[PDB]
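A.B. asks: Sharing a structure, written as structure tokens. Questions coming.
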Amino acid sequence: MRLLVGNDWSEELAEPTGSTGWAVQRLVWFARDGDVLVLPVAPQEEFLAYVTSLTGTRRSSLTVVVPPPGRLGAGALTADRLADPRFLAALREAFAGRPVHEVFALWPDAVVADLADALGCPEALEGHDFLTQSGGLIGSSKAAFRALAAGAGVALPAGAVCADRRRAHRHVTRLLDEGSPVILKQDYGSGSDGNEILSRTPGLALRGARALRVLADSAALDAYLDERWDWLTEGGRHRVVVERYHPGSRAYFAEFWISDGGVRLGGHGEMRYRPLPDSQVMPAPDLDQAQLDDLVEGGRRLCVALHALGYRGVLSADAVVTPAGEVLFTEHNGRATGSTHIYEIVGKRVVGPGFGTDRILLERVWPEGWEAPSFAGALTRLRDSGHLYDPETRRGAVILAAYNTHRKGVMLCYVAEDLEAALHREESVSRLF
Amino acid sequence: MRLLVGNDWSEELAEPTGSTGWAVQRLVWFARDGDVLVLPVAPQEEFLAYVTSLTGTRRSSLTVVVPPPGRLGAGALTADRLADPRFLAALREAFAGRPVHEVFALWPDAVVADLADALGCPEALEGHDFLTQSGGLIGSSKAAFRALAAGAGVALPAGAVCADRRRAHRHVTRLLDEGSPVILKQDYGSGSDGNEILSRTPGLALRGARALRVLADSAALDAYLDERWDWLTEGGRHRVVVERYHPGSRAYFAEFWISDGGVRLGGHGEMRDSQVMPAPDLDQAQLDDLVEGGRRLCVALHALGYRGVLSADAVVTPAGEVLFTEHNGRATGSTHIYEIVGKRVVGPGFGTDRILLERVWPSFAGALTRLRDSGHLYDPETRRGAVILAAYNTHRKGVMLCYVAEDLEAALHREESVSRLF
């Protein structure tokens with residue numbers, strides 16, 4: 001039995017006040033026979049039956065443990081929920097005298113170490129001591145990324161890490177005067193929401209950032225920084241990354257598993273910003289050999305550094321391929337990502353050895369306008385139309401996520417021989433939702 | 001020709017408005033033939049002459065370049081001074097066509113990489129790329145120390161790193177309820193002034209901290225945290241380290257040189273007002289724990305890209321236990337003492353034959369005269385006596401001396417004798 005923890009973005013970084021308990025149910029993909037899963041919201045049995053039917057895991061061997069709601073409700077595993085004696089009593093009965101062989105958590109946070117210590121199994125949590133000192137936050141710091149990548153000789157867009165407007169102004173101006181647009185990034189931002197593009201020229205597509213600011217001269221930049229610095233620094237708390245922006249780049253990732261033993265490549269893929277990152281394909285398409293070697297080697301060098309300083313868990317290294325074809329790394333993501341369960345479980349375990357050879361994976365966030373009444377309702381239509389993923393042909397749509405009430409959808413992963421065939425499948429499926 | 005940069009505490013972390021230009025004159029100890037030194041204030045000639053006569057460095061081979069004063073005056077090498085075209089022109093004249101072989105800086109700051117880039121010699125600066133991304137700041141982060149130490153299996157007092165009062169309250173309570181006092185540390189604090197001790201009982205020795213706060217219970221802690229948090233976090237900017245405090249502990253350091261090629265032991269010592277090197281009264285297993293613990297930590301810092309000097313500080317508890325408390329990525333008050341005065345001036349006998357004791361005098365030229373006339377001045381022939389380390393120290397308000405003797409007892413006799421001179 002392993003202890004699987006479906007926790008969210010660190011409580012130390014932000015209040016998870018918007019969480020609904022949906023995203024983390026991806027935890028079930030990782031479950032194997034006998035595991036105990038901690039989730040903020042109990043999954044519907046139909047989702048459990050479906051995922052386990054594909055992974056080959058015996059549903060009846062799993063236990064799901066859900067804490068009582070906490071100070072922020074039930075949407076996320078807050079620290080007070082994981083410390084609740086009612087929850088702890090339920091977790092120990094779930095164990096039923098079994099030792100915890102391994103602790104796996106979606107996010108590398110001190111709360112997970114708190115839990116392991118309360119259960120008297122800190123040895124089952126790799127990187128336990130590191131996490132007690134909140135070292136896992138390094139996995140979500142772009143400032144830390146810039147220094148580690150630079151230190152490791154990993155290719156990086158030109159730039160710097162700024163704690164004050166005076167240095168920020170100097171570095172933005174240096175880059176703008178070279179004819180380049182610039183992207184500013186919150187140290188601990190999540191996704192494009194934490195970034196803004198600054199340009200001397202109008203009309204750039206907003207890929208990887210929430211806004212474009214067109215700044216004519218030094219005085220325009222003065223005005224921008226005076227206006228936006230509080231937001232950029234999250235109220236003066238954190239630094240701001242300044243780096244060169246490369247319009248029209250494609251975005252890629254190589255994700256690794258970092259354990260006491262070392263660094264292991266999990267998978268690679270492309271995140272498609274069209275202009276929002278609403279789909280991904282794995283493995284990485286349209287890279288030539290040198291570029292794929294650089295993406296993986298770069299990511300590996302970064303992880304070897306993170307390993308050496310004590311980080312343990314999943315690590316996604318994000319990069320761009322510029323229009324000129326250069327691979328440049330833009331950040332790392334220390335957590336089980338939106339990609340992790342897709343290549344590691346759906347790809348390698350469900351589809352099999354042909355994933356990466358015979359088949360590709362295409363994930364799409366449930367499209368605008370698509371509608372299904374329920375999980376079972378989505379499964380039925382896919383079943384009946386013949387478009388549901390089929391273990392015998394290794395083709396079709398895999399249901400990745402639980403039913404999302406607020407979106408009235410699930411999430412699908414199309415398995416196919418190539419991108420064209422997966423996009424075709426998807427459009428057939430569009431006639432159902 | 002090496003470029004030696006006498007820079008101060010990172011301008012990214014604090015404004016060095018207080019600096020007077022005295023402390024970084026220790027750069028002169030590191031000078032070797034043909035070097036070029038960047039200092040905020042020109043050293044007095046007699047000082048320069050004295051130091052180089054001891055190190056064997058030819059004085060007239062050296063060039064000292066002082067930038068014009070900057071926005072904060074002439075006390076420190078602020079970024080505006082180092083970027084001044086007048087300074088950079090004079091710097092290139094100092095080189096007179098010589099390539100920069102190595103860049104050595106007192107503090108691993110991005111302004112050093114700025115300088116290297118502007119002079120076209122980034123390859124002379126080890127860790128240049130790391131430094132452009134301000135990676136050097138990690139050498140002065142206690143939050144980073146805690147995570148690194150923990151992850152490296154380096155012995156650590158119990159504690160945590162807290163970004164908010166709620167977690168700080170929990171962790172302080174845990175330790176206090178165990179009957180231990182607690183120390184809170186500013187992440188980027190420089191020295192004891194960035195720490196405060198919390199305790200159930202008053203009267204504790206204020207070793208390594210600014211003040212002691214007596215707290216009776218959870219309500220008193222609420223009130224303390226609500227009132228000091230702004231100070232503790234530097235206005236909400238940084239996290240706060242919480243750890244168990246050990247009263248009556250002795251404090252030690254082991255300092256390493258971290259280069260592309262790896263980690264080299266510089267030296268070790270005890271901080272007593274005074275410091276002594278090598279570290280005394282440690283039994284061999286405690287010294288091994290001190291050095292191999294510091295070394296494990298530097299291996300991690302090396303792997304992540306840090307390059308320069310790294311001093312690991314530790315305490316030895318009542319029970320004889322070596323616990324590391326922080327790291328310091330910079331040329332410290334100790335570095336030139338063991339590395340130059342010890343290994344270069346005194347020689348191979350240092351560490352076997354001789355020890356070094358640093359303390360303030362019990363003007364430079366006057367000190368030289370009396371020491372020379374009395375015969376207490378350090379004598380290369382005997383490898384005994386007082387070395388004048390610095391023309392002046394501002395927080396001790398006098399000339400700084402390093403007594404070279406067979407052992408501590410003999411160093412203390414020499415100092416007492418120097419004391420009765422006047």
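We label chains A, B, ... in the order they appear in the structure tokens, count residues from 1 in each chain, and number ligands from 1 in the order shown.
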Just need the residues of chain A within 10 Å of chain B, counting only C-alpha atoms, so spit them out as a ChimeraX atom specification.
C.D. replies: /A:12-13,110,127-136,138,143-153,159-164,167,233-239,241,302,304-312
A.B. asks: Write the residues of the selection above to a file with C-alpha atoms, as a short mmCIF file (atom, residue, chain, number, x, y, z; two decimals), in the first residue's frame.
C.D. replies:
data_model
loop_
_atom_site.label_atom_id
_atom_site.label_comp_id
_atom_site.auth_asym_id
_atom_site.auth_seq_id
_atom_site.Cartn_x
_atom_site.Cartn_y
_atom_site.Cartn_z
CA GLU A 12 2.35 28.84 1.60
CA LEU A 13 2.14 30.53 -1.81
CA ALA A 110 5.58 20.72 3.71
CA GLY A 127 12.81 14.11 0.34
CA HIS A 128 10.95 14.31 3.66
CA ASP A 129 13.56 16.44 5.48
CA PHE A 130 13.92 18.83 2.51
CA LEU A 131 10.11 19.29 2.48
CA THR A 132 9.93 20.02 6.22
CA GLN A 133 12.07 23.06 5.43
CA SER A 134 9.70 24.05 2.59
CA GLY A 135 12.33 23.26 -0.03
CA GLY A 136 9.69 22.04 -2.51
CA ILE A 138 11.98 25.79 -5.33
CA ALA A 143 13.87 32.98 -10.09
CA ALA A 144 15.32 29.68 -8.88
CA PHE A 145 14.92 28.28 -12.39
CA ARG A 146 16.87 31.14 -13.98
CA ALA A 147 19.83 30.66 -11.62
CA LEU A 148 19.85 26.85 -11.87
CA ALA A 149 19.57 26.77 -15.65
CA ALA A 150 22.30 29.40 -16.02
CA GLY A 151 24.47 27.56 -13.52
CA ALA A 152 23.90 24.26 -15.34
CA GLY A 153 24.71 25.71 -18.78
CA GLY A 159 17.40 38.10 -19.20
CA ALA A 160 17.72 38.60 -15.44
CA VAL A 161 15.98 38.37 -12.06
CA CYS A 162 14.94 41.73 -10.59
CA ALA A 163 13.94 42.74 -7.05
CA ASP A 164 13.49 46.43 -7.78
CA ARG A 167 17.20 47.05 -12.24
CA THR A 233 5.90 41.51 -7.15
CA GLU A 234 2.68 40.24 -5.49
CA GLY A 235 2.69 43.22 -3.13
CA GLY A 236 6.46 43.56 -2.79
CA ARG A 237 6.87 39.96 -1.67
CA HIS A 238 8.68 38.40 -4.66
CA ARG A 239 11.10 39.11 -7.48
CA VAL A 241 11.94 37.61 -14.00
CA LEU A 302 18.36 20.95 -14.70
CA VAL A 304 20.48 16.70 -11.91
CA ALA A 305 21.02 20.07 -10.20
CA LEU A 306 17.62 19.94 -8.48
CA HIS A 307 18.34 16.39 -7.36
CA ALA A 308 21.70 17.39 -5.88
CA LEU A 309 20.19 20.14 -3.78
CA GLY A 310 17.56 17.73 -2.45
CA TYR A 311 14.40 18.10 -4.55
CA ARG A 312 12.33 14.92 -4.88
#
A.B. asks: Write out as a PyMOL selection string which residues come within 7 Å of region 344-361 of chain B when counting only C-alpha atoms, dropping same-chain ones fewer than 5 positions away.
C.D. replies: chain B and resi 54-55+273-278+339+383+396+398-408+411
A.B. asks: Just the number, please: distance in Å from CA of residue 108 (chain B) to CA of residue 315 (chain B), one decimal.
C.D. replies: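 Rounded to one decimal, the two atoms are 25.3 Å apart.
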A.B. asks: Using only C-alpha atoms, which residues sit within 12 Å of residue 395 (chain B) once same-chain residues fewer than 6 positions away are excluded, as a list in words?
C.D. replies: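 Once the nearby chain positions are removed, what remains is residues 18, 19, 20, 22, 23, 273 and 360 of chain B.
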A.B. asks: Using only C-alpha atoms, which protein or nucleic acid residues come within 9 Å of region 424-433 of chain A? Drop anything in the same chain fewer than 2 positions from it, and give the result as a PyMOL selection string.
C.D. replies: chain A and resi 369-372+378+381-382+385+387+396-397+409+412+414-416+419-422
A.B. asks: Return as a PyMOL selection string the full set of residues in region 144-278 of chain B whose backbone-based DSSP assignment is alpha helix (DSSP H).
C.D. replies: chain B and resi 144-152+165-177+218-232
A.B. asks: Tell me which protein, DNA and RNA residues are within 12 Å of residue 69 (chain B), counting only C-alpha atoms, leaving out same-chain ones fewer than 6 positions away, and put them as an mmCIF file with N, CA, C and O atoms, in the first residue's frame.
C.D. replies:
data_model
loop_
_atom_site.group_PDB
_atom_site.id
_atom_site.type_symbol
_atom_site.label_atom_id
_atom_site.label_comp_id
_atom_site.auth_asym_id
_atom_site.auth_seq_id
_atom_site.Cartn_x
_atom_site.Cartn_y
_atom_site.Cartn_z
ATOM 1 N N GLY B 21 34.184 52.245 3.560
ATOM 2 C CA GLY B 21 35.267 51.797 2.701
ATOM 3 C C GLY B 21 36.448 51.138 3.401
ATOM 4 O O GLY B 21 37.433 50.803 2.745
ATOM 5 N N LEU B 39 38.662 49.340 -5.542
ATOM 6 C CA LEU B 39 38.260 49.646 -4.176
ATOM 7 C C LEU B 39 37.465 50.938 -4.164
ATOM 8 O O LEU B 39 37.636 51.772 -5.054
ATOM 9 N N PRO B 40 36.565 51.092 -3.179
ATOM 10 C CA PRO B 40 35.733 52.298 -3.083
ATOM 11 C C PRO B 40 36.519 53.481 -2.538
ATOM 12 O O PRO B 40 36.202 54.632 -2.856
ATOM 13 N N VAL B 41 37.523 53.191 -1.715
ATOM 14 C CA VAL B 41 38.397 54.207 -1.146
ATOM 15 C C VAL B 41 39.844 53.739 -1.229
ATOM 16 O O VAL B 41 40.166 52.642 -0.767
ATOM 17 N N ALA B 42 40.707 54.560 -1.819
ATOM 18 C CA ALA B 42 42.128 54.244 -1.901
ATOM 19 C C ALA B 42 42.723 53.942 -0.529
ATOM 20 O O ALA B 42 42.522 54.689 0.425
ATOM 21 N N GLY B 75 31.790 55.351 0.004
ATOM 22 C CA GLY B 75 31.957 54.239 0.926
ATOM 23 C C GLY B 75 31.871 52.817 0.384
ATOM 24 O O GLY B 75 32.502 51.909 0.935
ATOM 25 N N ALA B 76 31.087 52.607 -0.668
ATOM 26 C CA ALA B 76 30.874 51.259 -1.216
ATOM 27 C C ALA B 76 30.809 51.254 -2.739
ATOM 28 O O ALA B 76 30.486 52.267 -3.371
ATOM 29 N N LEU B 77 31.127 50.112 -3.336
ATOM 30 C CA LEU B 77 31.046 49.988 -4.786
ATOM 31 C C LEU B 77 29.608 49.773 -5.248
ATOM 32 O O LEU B 77 29.213 48.667 -5.579
ATOM 33 N N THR B 78 28.822 50.838 -5.256
ATOM 34 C CA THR B 78 27.456 50.747 -5.769
ATOM 35 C C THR B 78 27.463 50.523 -7.277
ATOM 36 O O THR B 78 28.449 50.814 -7.949
ATOM 37 N N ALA B 79 26.360 50.001 -7.797
ATOM 38 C CA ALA B 79 26.258 49.656 -9.212
ATOM 39 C C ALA B 79 26.557 50.846 -10.128
ATOM 40 O O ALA B 79 27.227 50.697 -11.155
ATOM 41 N N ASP B 80 26.105 52.035 -9.740
ATOM 42 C CA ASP B 80 26.355 53.220 -10.569
ATOM 43 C C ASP B 80 27.854 53.576 -10.663
ATOM 44 O O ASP B 80 28.326 54.055 -11.699
ATOM 45 N N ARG B 81 28.607 53.323 -9.600
ATOM 46 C CA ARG B 81 30.046 53.586 -9.641
ATOM 47 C C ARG B 81 30.739 52.609 -10.587
ATOM 48 O O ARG B 81 31.583 53.004 -11.394
ATOM 49 N N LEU B 82 30.371 51.335 -10.491
ATOM 50 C CA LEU B 82 31.017 50.294 -11.284
ATOM 51 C C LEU B 82 30.652 50.383 -12.762
ATOM 52 O O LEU B 82 31.330 49.808 -13.604
ATOM 53 N N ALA B 83 29.582 51.096 -13.083
ATOM 54 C CA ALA B 83 29.172 51.231 -14.476
ATOM 55 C C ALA B 83 29.609 52.562 -15.070
ATOM 56 O O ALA B 83 29.352 52.845 -16.245
ATOM 57 N N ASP B 84 30.259 53.379 -14.254
ATOM 58 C CA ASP B 84 30.693 54.706 -14.671
ATOM 59 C C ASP B 84 31.731 54.591 -15.779
ATOM 60 O O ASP B 84 32.774 53.959 -15.585
ATOM 61 N N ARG B 86 33.830 56.696 -16.803
ATOM 62 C CA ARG B 86 35.106 57.206 -16.314
ATOM 63 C C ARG B 86 35.878 56.108 -15.576
ATOM 64 O O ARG B 86 37.091 55.942 -15.748
ATOM 65 N N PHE B 87 35.167 55.357 -14.747
ATOM 66 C CA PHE B 87 35.799 54.274 -14.013
ATOM 67 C C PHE B 87 36.233 53.183 -14.979
ATOM 68 O O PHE B 87 37.351 52.661 -14.880
#
A.B. asks: Which residue out of A:204, A:197, A:263, A:295 has the minimum interatomic distance to residue 244 (chain A) when only C-alpha atoms are used?
C.D. replies: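 For residue 244 (chain A), the nearest of the candidates is A:197.
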A.B. asks: Write down as a list in words the residues belonging to region 365-404 of chain B that are assigned strand (DSSP E) by DSSP computed on the backbone.
C.D. replies: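 Restricting region 365-404 of chain B to strand (DSSP E) produces residues 385, 386, 387, 388, 389, 390, 391, 392, 393, 398, 399, 400, 401, 402, 403 and 404 of chain B.
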A.B. asks: For the residues in the current selection, export N, CA, C and O atoms as a short mmCIF file (atom, residue, chain, number, x, y, z; two decimals), in the first residue's frame.
C.D. replies:
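Output file result.cif follows:
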data_model
loop_
_atom_site.label_atom_id
_atom_site.label_comp_id
_atom_site.auth_asym_id
_atom_site.auth_seq_id
_atom_site.Cartn_x
_atom_site.Cartn_y
_atom_site.Cartn_z
N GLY B 385 54.36 36.92 16.72
CA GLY B 385 54.02 38.32 16.97
C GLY B 385 52.74 38.79 16.30
O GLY B 385 51.95 37.97 15.78
N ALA B 386 52.52 40.10 16.33
CA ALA B 386 51.27 40.67 15.87
C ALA B 386 51.37 41.15 14.43
O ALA B 386 52.28 41.89 14.06
N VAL B 387 50.42 40.69 13.62
CA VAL B 387 50.23 41.19 12.27
C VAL B 387 49.17 42.27 12.27
O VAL B 387 48.13 42.12 12.90
N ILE B 388 49.42 43.37 11.57
CA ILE B 388 48.39 44.39 11.44
C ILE B 388 47.51 44.02 10.24
O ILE B 388 47.91 44.13 9.08
N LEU B 389 46.31 43.55 10.55
CA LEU B 389 45.36 43.08 9.54
C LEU B 389 44.69 44.21 8.77
O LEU B 389 44.45 44.10 7.56
N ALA B 390 44.33 45.26 9.49
CA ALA B 390 43.58 46.36 8.91
C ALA B 390 43.99 47.67 9.55
O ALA B 390 44.21 47.73 10.76
N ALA B 391 44.08 48.71 8.72
CA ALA B 391 44.37 50.07 9.20
C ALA B 391 43.31 50.54 10.17
O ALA B 391 43.59 51.35 11.06
N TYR B 392 42.09 50.05 9.99
CA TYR B 392 40.99 50.52 10.82
C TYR B 392 39.74 49.64 10.64
O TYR B 392 39.45 49.16 9.54
N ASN B 393 39.03 49.43 11.75
CA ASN B 393 37.73 48.77 11.80
C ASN B 393 36.73 49.75 12.42
O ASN B 393 37.03 50.38 13.43
N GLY B 398 39.23 50.78 15.89
CA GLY B 398 40.68 50.72 16.06
C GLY B 398 41.40 49.84 15.04
O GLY B 398 40.77 49.20 14.19
N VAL B 399 42.73 49.82 15.13
CA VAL B 399 43.54 48.96 14.27
C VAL B 399 43.24 47.50 14.60
O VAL B 399 42.94 47.16 15.76
N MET B 400 43.31 46.60 13.62
CA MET B 400 42.99 45.21 13.85
C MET B 400 44.22 44.39 13.80
O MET B 400 44.98 44.47 12.86
N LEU B 401 44.38 43.53 14.79
CA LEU B 401 45.60 42.74 14.92
C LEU B 401 45.36 41.24 14.83
O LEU B 401 44.32 40.74 15.24
N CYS B 402 46.34 40.52 14.31
CA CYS B 402 46.32 39.07 14.32
C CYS B 402 47.59 38.55 14.99
O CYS B 402 48.69 38.65 14.43
N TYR B 403 47.44 37.98 16.17
CA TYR B 403 48.56 37.40 16.90
C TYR B 403 48.89 36.00 16.41
O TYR B 403 48.04 35.10 16.44
N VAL B 404 50.13 35.82 15.97
CA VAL B 404 50.64 34.52 15.57
C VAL B 404 51.48 33.93 16.71
O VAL B 404 52.49 34.51 17.11
#
A.B. asks: Need the shell around residue 215 (chain A): protein/DNA/RNA residues with any atom at most 12 Å away, counting only C-alpha atoms. Skip same-chain ones fewer than 2 positions apart. Format as JSON, numbers by chain?
C.D. replies: {"A": [169, 172, 173, 176, 177, 181, 182, 197, 198, 199, 200, 201, 202, 212, 213, 217, 218, 219, 220, 221, 222, 223, 224, 225]}
A.B. asks: For CA of residue 283 (chain B) and CA of residue 318 (chain B), quote the distance in Å rounded to one decimal.
C.D. replies: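 If I compute the distance from CA of residue 283 (chain B) to CA of residue 318 (chain B), I get 14.1 Å.
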A.B. asks: Give me the residues within 9 Å of residue 100 (chain A) as a ChimeraX atom specification, counting only C-alpha atoms and dropping any in the same chain fewer than 5 places off.
C.D. replies: /A:1-3,95,121,124
A.B. asks: Just to be explicit: take each residue in the selection above, keep N, CA, C and O atoms, and write the result as a compact mmCIF listing (two decimals), in the first residue's frame.
C.D. replies:
# COMPACT_ATOMS: atom_id res chain seq x y z
N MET A 1 0.81 -1.15 0.00
CA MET A 1 0.00 0.00 0.00
C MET A 1 0.88 1.24 0.00
O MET A 1 1.79 1.38 0.77
N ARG A 2 0.55 2.13 -0.89
CA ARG A 2 1.15 3.42 -0.93
C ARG A 2 0.10 4.42 -0.48
O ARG A 2 -1.06 4.18 -0.61
N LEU A 3 0.55 5.55 0.00
CA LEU A 3 -0.31 6.67 0.37
C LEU A 3 -0.21 7.73 -0.73
O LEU A 3 0.85 8.32 -0.94
N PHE A 95 -5.64 2.26 6.30
CA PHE A 95 -4.38 1.51 6.29
C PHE A 95 -4.61 0.09 6.78
O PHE A 95 -4.03 -0.85 6.25
N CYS A 121 5.45 7.68 9.38
CA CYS A 121 6.12 7.09 8.23
C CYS A 121 6.93 8.09 7.37
O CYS A 121 6.82 8.07 6.13
N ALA A 124 8.85 6.83 4.31
CA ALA A 124 8.15 6.46 3.08
C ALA A 124 8.04 7.64 2.12
O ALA A 124 7.62 7.49 0.97
A.B. asks: Find the residue from B:190, B:44, B:419, B:195 that sits nearest to residue 14 (chain B); use only C-alpha atoms when measuring.
C.D. replies: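 Closest to residue 14 (chain B), using only C-alpha atoms: B:190.
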